[PDB]
$ cat data-v6.cif   # mmCIF, C-alpha atoms
data_coords
#
loop_
_atom_site.label_atom_id
_atom_site.label_comp_id
_atom_site.auth_asym_id
_atom_site.auth_seq_id
_atom_site.Cartn_x
_atom_site.Cartn_y
_atom_site.Cartn_z
CA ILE B 2 -19.03 -0.55 26.79
CA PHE B 3 -21.15 -3.38 25.45
CA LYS B 4 -24.08 -4.89 27.32
CA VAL B 5 -26.13 -8.05 26.82
CA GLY B 6 -29.13 -7.16 24.67
CA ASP B 7 -27.48 -4.22 22.90
CA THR B 8 -27.87 -4.00 19.13
CA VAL B 9 -24.48 -3.05 17.73
CA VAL B 10 -23.52 -2.86 14.05
CA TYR B 11 -20.81 -5.14 12.74
CA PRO B 12 -18.86 -3.68 9.78
CA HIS B 13 -19.27 -6.11 6.90
CA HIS B 14 -22.41 -7.93 8.09
CA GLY B 15 -24.71 -5.16 9.28
CA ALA B 16 -26.78 -5.46 12.44
CA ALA B 17 -25.72 -7.60 15.39
CA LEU B 18 -27.41 -8.38 18.69
CA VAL B 19 -24.95 -8.87 21.55
CA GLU B 20 -26.53 -11.89 23.21
CA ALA B 21 -23.86 -13.06 25.68
CA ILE B 22 -20.31 -12.38 26.86
CA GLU B 23 -17.97 -15.38 27.05
CA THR B 24 -14.75 -15.68 29.08
CA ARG B 25 -12.59 -17.99 26.96
CA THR B 26 -8.92 -18.55 27.78
CA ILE B 27 -6.12 -18.21 25.21
CA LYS B 28 -2.45 -18.38 26.33
CA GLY B 29 -3.52 -18.71 29.96
CA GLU B 30 -5.43 -15.42 30.20
CA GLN B 31 -9.18 -14.83 30.34
CA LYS B 32 -9.68 -12.58 27.35
CA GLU B 33 -13.44 -12.15 27.48
CA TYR B 34 -15.27 -12.65 24.19
CA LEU B 35 -18.64 -11.24 23.18
CA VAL B 36 -20.94 -13.23 20.92
CA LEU B 37 -22.97 -11.47 18.24
CA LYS B 38 -25.97 -13.01 16.51
CA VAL B 39 -26.17 -11.42 13.07
CA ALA B 40 -29.00 -12.57 10.80
CA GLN B 41 -27.76 -12.07 7.22
CA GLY B 42 -26.57 -15.66 6.87
CA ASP B 43 -27.27 -16.72 10.47
CA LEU B 44 -23.71 -16.65 11.76
CA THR B 45 -22.52 -16.21 15.33
CA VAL B 46 -19.54 -13.85 15.50
CA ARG B 47 -17.18 -13.90 18.49
CA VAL B 48 -14.75 -11.03 19.11
CA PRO B 49 -12.59 -10.02 22.09
CA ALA B 50 -13.64 -6.90 23.93
CA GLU B 51 -10.16 -5.48 23.33
CA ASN B 52 -10.16 -5.67 19.53
CA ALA B 53 -13.74 -4.45 19.08
CA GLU B 54 -12.51 -1.00 18.05
CA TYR B 55 -9.66 -2.56 16.05
CA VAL B 56 -12.11 -4.53 13.90
CA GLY B 57 -14.30 -1.45 13.92
CA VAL B 58 -17.57 -2.51 15.51
CA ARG B 59 -19.79 0.50 15.85
CA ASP B 60 -22.97 1.58 17.59
CA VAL B 61 -26.00 2.70 15.62
CA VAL B 62 -26.27 6.33 14.55
CA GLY B 63 -28.65 8.97 15.84
CA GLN B 64 -31.11 11.30 14.17
CA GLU B 65 -28.35 13.72 13.21
CA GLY B 66 -26.92 10.68 11.44
CA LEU B 67 -30.28 10.11 9.75
CA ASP B 68 -30.56 13.64 8.39
CA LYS B 69 -26.87 13.53 7.44
CA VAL B 70 -27.30 10.35 5.40
CA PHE B 71 -30.47 11.70 3.76
CA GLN B 72 -28.62 14.94 2.98
CA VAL B 73 -25.79 13.01 1.33
CA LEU B 74 -28.26 10.63 -0.36
CA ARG B 75 -30.05 13.55 -2.06
CA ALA B 76 -26.88 15.31 -3.30
CA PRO B 77 -25.85 15.88 -6.93
CA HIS B 78 -22.36 16.30 -8.50
CA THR B 79 -21.23 12.72 -7.93
CA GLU B 80 -18.92 12.30 -10.92
CA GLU B 81 -17.38 8.84 -11.13
CA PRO B 82 -14.40 7.30 -12.94
CA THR B 83 -15.58 5.88 -16.22
CA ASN B 84 -13.54 2.69 -15.87
CA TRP B 85 -15.68 -0.20 -14.72
CA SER B 86 -13.00 -1.85 -12.58
CA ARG B 87 -11.95 1.42 -10.93
CA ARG B 88 -15.57 2.16 -10.08
CA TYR B 89 -16.10 -1.37 -8.73
CA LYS B 90 -13.05 -1.30 -6.45
CA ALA B 91 -13.95 2.22 -5.33
CA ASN B 92 -17.44 1.45 -4.09
CA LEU B 93 -16.37 -1.98 -2.84
CA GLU B 94 -13.79 -0.39 -0.54
CA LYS B 95 -16.44 2.19 0.36
CA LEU B 96 -18.82 -0.65 1.26
CA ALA B 97 -16.20 -2.47 3.33
CA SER B 98 -15.52 0.56 5.55
CA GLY B 99 -18.65 0.22 7.65
CA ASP B 100 -19.84 3.83 7.59
CA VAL B 101 -23.54 4.53 7.08
CA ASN B 102 -22.70 7.56 4.94
CA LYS B 103 -20.50 5.48 2.64
CA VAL B 104 -23.12 2.72 2.34
CA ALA B 105 -25.79 5.31 1.51
CA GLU B 106 -23.43 6.81 -1.08
CA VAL B 107 -22.95 3.41 -2.71
CA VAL B 108 -26.69 2.73 -2.84
CA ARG B 109 -27.49 6.15 -4.30
CA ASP B 110 -24.79 5.90 -6.99
CA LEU B 111 -25.78 2.39 -8.02
CA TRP B 112 -29.49 3.24 -7.75
CA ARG B 113 -29.17 6.20 -10.12
CA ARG B 114 -26.99 4.20 -12.51
CA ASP B 115 -29.43 1.25 -12.43
CA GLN B 116 -32.29 3.70 -13.03
CA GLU B 117 -30.24 4.90 -16.00
CA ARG B 118 -29.18 1.64 -17.64
CA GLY B 119 -29.13 -1.43 -15.38
CA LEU B 120 -25.57 -2.43 -14.77
CA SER B 121 -24.47 -6.01 -14.32
CA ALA B 122 -24.49 -9.21 -12.31
CA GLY B 123 -21.73 -8.09 -9.96
CA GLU B 124 -23.09 -4.58 -9.48
CA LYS B 125 -26.66 -5.78 -8.95
CA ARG B 126 -25.32 -8.21 -6.34
CA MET B 127 -23.37 -5.38 -4.69
CA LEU B 128 -26.37 -3.03 -4.75
CA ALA B 129 -28.52 -5.75 -3.16
CA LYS B 130 -25.94 -6.29 -0.41
CA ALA B 131 -25.43 -2.58 0.29
CA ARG B 132 -29.13 -1.71 0.24
CA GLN B 133 -30.04 -4.61 2.50
CA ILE B 134 -27.48 -3.65 5.13
CA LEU B 135 -28.57 0.00 4.90
CA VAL B 136 -32.21 -1.03 5.36
CA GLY B 137 -31.28 -3.23 8.33
CA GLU B 138 -29.25 -0.48 9.98
CA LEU B 139 -32.06 2.07 9.42
CA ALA B 140 -34.64 -0.28 10.93
CA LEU B 141 -32.29 -0.76 13.86
CA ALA B 142 -31.90 3.02 14.15
CA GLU B 143 -35.62 3.80 14.37
CA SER B 144 -37.40 0.44 15.14
CA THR B 145 -39.45 1.13 12.07
CA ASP B 146 -41.04 -1.99 10.56
CA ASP B 147 -38.83 -3.96 8.11
CA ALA B 148 -39.97 -3.67 4.43
CA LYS B 149 -41.89 -0.58 5.43
CA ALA B 150 -38.40 0.79 6.00
CA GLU B 151 -37.68 -0.50 2.48
CA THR B 152 -40.63 1.56 1.21
CA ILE B 153 -39.21 4.52 3.18
CA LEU B 154 -35.82 4.10 1.48
CA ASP B 155 -37.44 3.73 -1.95
CA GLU B 156 -39.51 6.88 -1.39
CA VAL B 157 -36.56 8.98 -0.21
CA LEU B 158 -34.43 7.63 -3.07
CA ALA B 159 -37.02 8.43 -5.75
CA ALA B 160 -37.72 11.86 -4.14
CA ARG L 398 -8.38 -27.11 -2.52
CA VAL L 399 -11.04 -24.61 -3.59
CA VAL L 400 -11.22 -23.38 0.04
CA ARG L 401 -7.52 -22.40 0.00
CA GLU L 402 -7.74 -21.10 -3.56
CA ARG L 403 -10.57 -18.64 -2.86
CA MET L 404 -9.23 -17.94 0.63
CA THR L 405 -6.19 -16.23 -0.88
CA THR L 406 -8.18 -13.99 -3.27
CA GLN L 407 -10.99 -12.60 -1.14
CA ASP L 408 -10.43 -9.80 1.33
CA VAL L 409 -9.98 -10.92 4.93
CA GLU L 410 -12.62 -9.87 7.53
CA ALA L 411 -15.15 -9.95 4.66
CA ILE L 412 -15.26 -13.73 4.32
CA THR L 413 -17.36 -16.37 5.99
CA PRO L 414 -17.69 -20.18 5.75
CA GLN L 415 -20.53 -20.05 3.22
CA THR L 416 -18.32 -17.87 1.03
CA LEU L 417 -15.39 -20.27 1.35
CA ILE L 418 -17.22 -23.60 0.87
CA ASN L 419 -18.17 -25.04 -2.54
CA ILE L 420 -20.04 -28.31 -1.98
CA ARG L 421 -20.40 -29.23 -5.66
CA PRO L 422 -17.35 -31.58 -5.78
CA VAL L 423 -18.61 -33.50 -2.71
CA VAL L 424 -22.06 -33.83 -4.27
CA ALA L 425 -20.54 -35.01 -7.55
CA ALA L 426 -18.23 -37.50 -5.82
CA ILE L 427 -21.06 -39.25 -4.00
CA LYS L 428 -23.25 -39.14 -7.14
CA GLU L 429 -20.59 -40.67 -9.39
CA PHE L 430 -19.90 -43.34 -6.82
CA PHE L 431 -23.50 -44.46 -6.59
CA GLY L 432 -24.04 -44.34 -10.35
CA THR L 433 -21.29 -45.68 -12.65
CA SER L 434 -19.03 -47.59 -10.31
CA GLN L 435 -18.10 -51.24 -10.38
CA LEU L 436 -19.02 -51.96 -6.77
CA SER L 437 -22.38 -50.17 -6.83
CA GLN L 438 -24.43 -52.78 -8.62
CA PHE L 439 -27.97 -53.32 -9.81
CA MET L 440 -29.68 -55.51 -7.23
CA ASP L 441 -30.23 -59.13 -8.25
CA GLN L 442 -34.00 -59.55 -7.96
CA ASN L 443 -35.02 -62.93 -9.25
CA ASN L 444 -36.04 -64.34 -5.91
CA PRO L 445 -35.33 -63.60 -2.24
CA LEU L 446 -32.25 -65.84 -2.36
CA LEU K 105 -11.36 -23.17 8.46
CA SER K 106 -12.48 -26.26 10.38
CA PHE K 107 -15.55 -28.52 10.37
CA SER K 108 -17.49 -30.27 13.10
CA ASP K 109 -20.63 -32.15 14.14
CA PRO K 110 -22.46 -33.75 11.17
CA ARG K 111 -26.24 -33.98 11.36
CA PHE K 112 -28.97 -35.49 9.20
CA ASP K 113 -32.54 -34.35 8.76
CA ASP K 114 -35.43 -36.68 8.04
CA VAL K 115 -35.50 -38.28 4.60
CA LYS K 116 -37.25 -36.26 1.94
CA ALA K 117 -39.70 -38.97 0.81
CA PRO K 118 -40.23 -42.63 1.80
CA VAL K 119 -38.99 -45.69 -0.06
CA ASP K 120 -42.10 -46.61 -2.05
CA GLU K 121 -42.62 -43.00 -3.10
CA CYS K 122 -38.97 -42.81 -4.17
CA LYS K 123 -39.32 -45.97 -6.25
CA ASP K 124 -42.62 -44.86 -7.79
CA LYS K 125 -41.66 -41.26 -8.62
CA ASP K 126 -38.15 -42.06 -9.94
CA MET K 127 -36.29 -40.28 -7.13
CA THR K 128 -33.41 -40.94 -4.74
CA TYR K 129 -33.95 -41.93 -1.11
CA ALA K 130 -31.71 -39.45 0.68
CA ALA K 131 -31.40 -37.18 3.73
CA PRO K 132 -29.87 -33.69 3.96
CA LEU K 133 -26.52 -33.43 5.72
CA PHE K 134 -25.57 -30.37 7.80
CA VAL K 135 -22.11 -29.69 9.24
CA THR K 136 -20.84 -26.81 11.39
CA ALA K 137 -18.05 -24.79 9.80
CA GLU K 138 -15.90 -22.29 11.65
CA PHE K 139 -13.52 -19.57 10.49
CA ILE K 140 -10.66 -18.10 12.54
CA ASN K 141 -8.78 -14.87 11.77
CA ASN K 142 -5.59 -15.13 13.79
CA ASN K 143 -4.23 -11.58 13.62
CA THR K 144 -7.38 -10.13 15.19
CA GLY K 145 -9.21 -13.03 16.83
CA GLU K 146 -12.54 -13.73 15.21
CA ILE K 147 -14.81 -16.75 15.17
CA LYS K 148 -17.40 -16.77 12.39
CA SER K 149 -19.45 -19.94 12.79
CA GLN K 150 -22.25 -21.06 10.48
CA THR K 151 -24.20 -24.24 9.69
CA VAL K 152 -23.47 -25.42 6.16
CA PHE K 153 -25.65 -27.67 4.00
#
$ encode --input "data-v6.cif" --output "structure tokens"
Amino acid sequence: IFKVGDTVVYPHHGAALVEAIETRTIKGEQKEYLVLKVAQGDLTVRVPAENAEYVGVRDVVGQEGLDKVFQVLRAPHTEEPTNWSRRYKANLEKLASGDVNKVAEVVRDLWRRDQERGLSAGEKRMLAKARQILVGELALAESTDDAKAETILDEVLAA
Amino acid sequence: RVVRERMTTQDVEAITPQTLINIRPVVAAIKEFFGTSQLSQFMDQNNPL
Amino acid sequence: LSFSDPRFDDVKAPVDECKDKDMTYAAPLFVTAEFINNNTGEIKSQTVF
């Protein structure tokens, strides 16, 4: 499926350019690896081509995905558990899934709650992580000028 | 020791070397060797000899 | 988690400047750390200060 030069999305790290395809040997068989150059912390990720779907690597979403995530990002009736730990584990396991809709849900919930009160060290760190990978995936989805994409996200969040 | 200790807590496939590594004990070990050790001494500067 | 290949940058400031400005004559050390997840097969390699 994957080709050299494709821009795929890794689950917990956001965008990833597939820059080469290695052919390393483990247990005497040439399981080909693909190397991904993510840029969040400048790490090179190597995965087999077989377990790409098992680890859940995923192509970027289309314009139906864009209107779907904007539709879910502008939606009310988002009642949350009042317990701080329950809420934290809930949106952490939403963030770790790798779905654009779930990441947009986490950034809209924490954005409205930060606009309300301003939460915490851990939740501001989580909102920064989630919003930066959502901005990176959006800029990958439309080739649309990083930090101007941030202004786009701020505008569609503030509405 | 801290690598193992925070390797067991954090969720796998979400961790990376810069999340496992805490370099503060290495920094402190080299610092407390070069200052306050018996074999790291003030240099004797009376003359070149 | 395994380490490899230490490297040094150039020193931050020369010896007379370090003596004059009350600093330490040092160079930054960079190693290459590498994380393996055995059940899936994953190599997450960084460059750690």
$ interface_residues --input "data-v6.cif" --of "chain K" --to "chain L" --cutoff "12 Å" --atoms "only C-alpha atoms" --output "PyMOL selection string"
chain K and resi 105-107+128+130+132-153
$ write_last_selection --input "data-v6.cif" --atoms "C-alpha atoms" --output "mmCIF file, in the coordinates of the input"
data_model
loop_
_atom_site.group_PDB
_atom_site.id
_atom_site.type_symbol
_atom_site.label_atom_id
_atom_site.label_comp_id
_atom_site.auth_asym_id
_atom_site.auth_seq_id
_atom_site.Cartn_x
_atom_site.Cartn_y
_atom_site.Cartn_z
ATOM 1 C CA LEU K 105 -11.360 -23.170 8.460
ATOM 2 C CA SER K 106 -12.480 -26.260 10.380
ATOM 3 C CA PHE K 107 -15.550 -28.520 10.370
ATOM 4 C CA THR K 128 -33.410 -40.940 -4.740
ATOM 5 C CA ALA K 130 -31.710 -39.450 0.680
ATOM 6 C CA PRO K 132 -29.870 -33.690 3.960
ATOM 7 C CA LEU K 133 -26.520 -33.430 5.720
ATOM 8 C CA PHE K 134 -25.570 -30.370 7.800
ATOM 9 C CA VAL K 135 -22.110 -29.690 9.240
ATOM 10 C CA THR K 136 -20.840 -26.810 11.390
ATOM 11 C CA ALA K 137 -18.050 -24.790 9.800
ATOM 12 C CA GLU K 138 -15.900 -22.290 11.650
ATOM 13 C CA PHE K 139 -13.520 -19.570 10.490
ATOM 14 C CA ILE K 140 -10.660 -18.100 12.540
ATOM 15 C CA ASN K 141 -8.780 -14.870 11.770
ATOM 16 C CA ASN K 142 -5.590 -15.130 13.790
ATOM 17 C CA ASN K 143 -4.230 -11.580 13.620
ATOM 18 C CA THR K 144 -7.380 -10.130 15.190
ATOM 19 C CA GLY K 145 -9.210 -13.030 16.830
ATOM 20 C CA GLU K 146 -12.540 -13.730 15.210
ATOM 21 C CA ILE K 147 -14.810 -16.750 15.170
ATOM 22 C CA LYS K 148 -17.400 -16.770 12.390
ATOM 23 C CA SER K 149 -19.450 -19.940 12.790
ATOM 24 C CA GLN K 150 -22.250 -21.060 10.480
ATOM 25 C CA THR K 151 -24.200 -24.240 9.690
ATOM 26 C CA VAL K 152 -23.470 -25.420 6.160
ATOM 27 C CA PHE K 153 -25.650 -27.670 4.000
#
$ resolve_selection --input "data-v6.cif" --expression "the PyMOL selection byres ((chain B) within 9 of (chain L))" --output "PyMOL selection string"
chain B and resi 12-14+42+44+56+97
$ residues_around --input "data-v6.cif" --residues "segment 75-84 of chain B" --least-positions-apart "5" --cutoff "12 Å" --atoms "only C-alpha atoms" --output "PyMOL selection string"
chain B and resi 68-70+89-92+102+105-114+154+156-160
$ closest_atom_pairs --input "data-v6.cif" --of "chain B" --to "chain K" --cutoff "12 Å" --atoms "all atoms listed in the file" --output "Markdown table"
| residue | atom | partner | partner_atom | distance |
| --- | --- | --- | --- | --- |
| B:14 | CA | K:148 | CA | 11.0 |
| B:25 | CA | K:145 | CA | 11.8 |
| B:27 | CA | K:145 | CA | 10.3 |
| B:32 | CA | K:145 | CA | 10.5 |
| B:33 | CA | K:145 | CA | 11.5 |
| B:34 | CA | K:146 | CA | 9.4 |
| B:35 | CA | K:146 | CA | 10.3 |
| B:36 | CA | K:147 | CA | 9.1 |
| B:37 | CA | K:148 | CA | 9.7 |
| B:38 | CA | K:149 | CA | 10.2 |
| B:39 | CA | K:148 | CA | 10.3 |
| B:40 | CA | K:150 | CA | 10.9 |
| B:41 | CA | K:150 | CA | 11.0 |
| B:42 | CA | K:150 | CA | 7.8 |
| B:43 | CA | K:150 | CA | 6.6 |
| B:44 | CA | K:150 | CA | 4.8 |
| B:45 | CA | K:149 | CA | 5.5 |
| B:46 | CA | K:148 | CA | 4.8 |
| B:47 | CA | K:147 | CA | 5.0 |
| B:48 | CA | K:146 | CA | 5.2 |
| B:49 | CA | K:145 | CA | 6.9 |
| B:50 | CA | K:145 | CA | 10.4 |
| B:51 | CA | K:144 | CA | 9.8 |
| B:52 | CA | K:144 | CA | 6.8 |
| B:53 | CA | K:144 | CA | 9.4 |
| B:54 | CA | K:144 | CA | 10.9 |
| B:55 | CA | K:144 | CA | 8.0 |
| B:56 | CA | K:144 | CA | 7.4 |
| B:57 | CA | K:144 | CA | 11.2 |
$ axis_aligned_box --input "data-v6.cif" --around "segment 76-93 of chain B" --padding-each-side "4 Å" --output "JSON"
{"center_x": -19.4, "center_y": 7.2, "center_z": -9.5, "size_x": 22.9, "size_y": 26.3, "size_z": 21.4}
$ resolve_selection --input "data-v6.cif" --expression "the PyMOL selection byres ((chain K and resi 113) around 8)" --output "ChimeraX atom specification"
/K:111-112,114-115,131-133
$ atom_distance --input "data-v6.cif" --atom1 "atom CA of residue 18 of chain B" --atom2 "atom CA of residue 5 of chain B"
8.2 Å
$ resolve_selection --input "data-v6.cif" --expression "the PyMOL selection byres ((chain B and resi 139) around 10)" --output "ChimeraX atom specification"
/B:16,61-62,67,101,133-138,140-147,150-151,153-154
$ atom_distance --input "data-v6.cif" --atom1 "atom CA of residue 73 of chain B" --atom2 "atom CA of residue 122 of chain B"
26.1 Å
$ build_atoms --input "data-v6.cif" --residues "segment 51-64 of chain B" --atoms "N, CA and C atoms" --output "short mmCIF file (atom, residue, chain, number, x, y, z; two decimals), in the frame of the given file"
data_model
loop_
_atom_site.label_atom_id
_atom_site.label_comp_id
_atom_site.auth_asym_id
_atom_site.auth_seq_id
_atom_site.Cartn_x
_atom_site.Cartn_y
_atom_site.Cartn_z
N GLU B 51 -11.28 -6.37 23.59
CA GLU B 51 -10.16 -5.48 23.33
C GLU B 51 -10.12 -5.03 21.88
N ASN B 52 -10.30 -5.96 20.94
CA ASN B 52 -10.16 -5.67 19.53
C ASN B 52 -11.48 -5.32 18.86
N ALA B 53 -12.48 -4.92 19.65
CA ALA B 53 -13.74 -4.45 19.08
C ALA B 53 -13.54 -3.18 18.26
N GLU B 54 -12.78 -2.22 18.80
CA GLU B 54 -12.51 -1.00 18.05
C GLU B 54 -11.51 -1.25 16.92
N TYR B 55 -10.63 -2.23 17.09
CA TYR B 55 -9.66 -2.56 16.05
C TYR B 55 -10.36 -3.15 14.83
N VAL B 56 -11.32 -4.05 15.03
CA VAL B 56 -12.11 -4.53 13.90
C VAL B 56 -13.19 -3.54 13.51
N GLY B 57 -13.46 -2.54 14.34
CA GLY B 57 -14.30 -1.45 13.92
C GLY B 57 -15.78 -1.65 14.13
N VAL B 58 -16.16 -2.40 15.17
CA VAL B 58 -17.57 -2.51 15.51
C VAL B 58 -18.05 -1.15 16.01
N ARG B 59 -19.32 -0.87 15.79
CA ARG B 59 -19.79 0.50 15.85
C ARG B 59 -21.24 0.52 16.28
N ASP B 60 -21.58 1.44 17.17
CA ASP B 60 -22.97 1.58 17.59
C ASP B 60 -23.80 2.20 16.47
N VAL B 61 -25.12 2.14 16.63
CA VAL B 61 -26.00 2.70 15.62
C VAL B 61 -25.98 4.22 15.70
N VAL B 62 -26.36 4.88 14.60
CA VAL B 62 -26.27 6.33 14.55
C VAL B 62 -27.59 6.96 14.97
N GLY B 63 -27.50 8.22 15.39
CA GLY B 63 -28.65 8.97 15.84
C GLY B 63 -29.34 9.73 14.72
N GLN B 64 -30.25 10.61 15.12
CA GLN B 64 -31.11 11.30 14.17
C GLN B 64 -30.35 12.37 13.39
#
